[PDB]
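Quick note: the coordinates plus some simple rules give every number you see, no bench work behind them.
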There are 6 protein chains.
Amino acid sequence: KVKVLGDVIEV
Amino acid sequence: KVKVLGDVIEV
Amino acid sequence: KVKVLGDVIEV
Amino acid sequence: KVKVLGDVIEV
Amino acid sequence: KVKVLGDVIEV
Amino acid sequence: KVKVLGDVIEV
């Protein structure tokens, strides 16, 4: 399964 | 910290 | 198209 | 609630 | 490399 | 604004 792991940033 | 967990979906 | 649907959590 | 919507991009 | 670029929304 | 940056991972 293709999962996603990510971060939140302010741009 | 804020982390993103998710799925890839074909659309 | 590969799209992403995810959640934000605190880790 | 906070939900993430996005795209997969080849990099 | 498959990267992800996305947005956070309230649902 | 809040933007998500991340990776696709095989799980």
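How large is the translational diffusion coefficient of the protein assembly as shown in µm² per second when you combine the Kirkwood radius over alpha carbon pairs with Stokes-Einstein at 20 °C and 1.002 mPa s?
187 µm²/s
Distance cut-off 21 Å, Cα to Cα: go down the list C:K1/E:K3; B:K1/D:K1; D:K3/F:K1; A:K3/E:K1; C:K1/D:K3 and report the pairs above it.
none
Out of residues 5 or more away from C:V4 or on other chains, whose amide H comes under 5 Å of its own, with H placed 1.01 Å from N in the peptide plane?
Residues meeting the amide H criterion: B:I9, D:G6, D:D7, D:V8.
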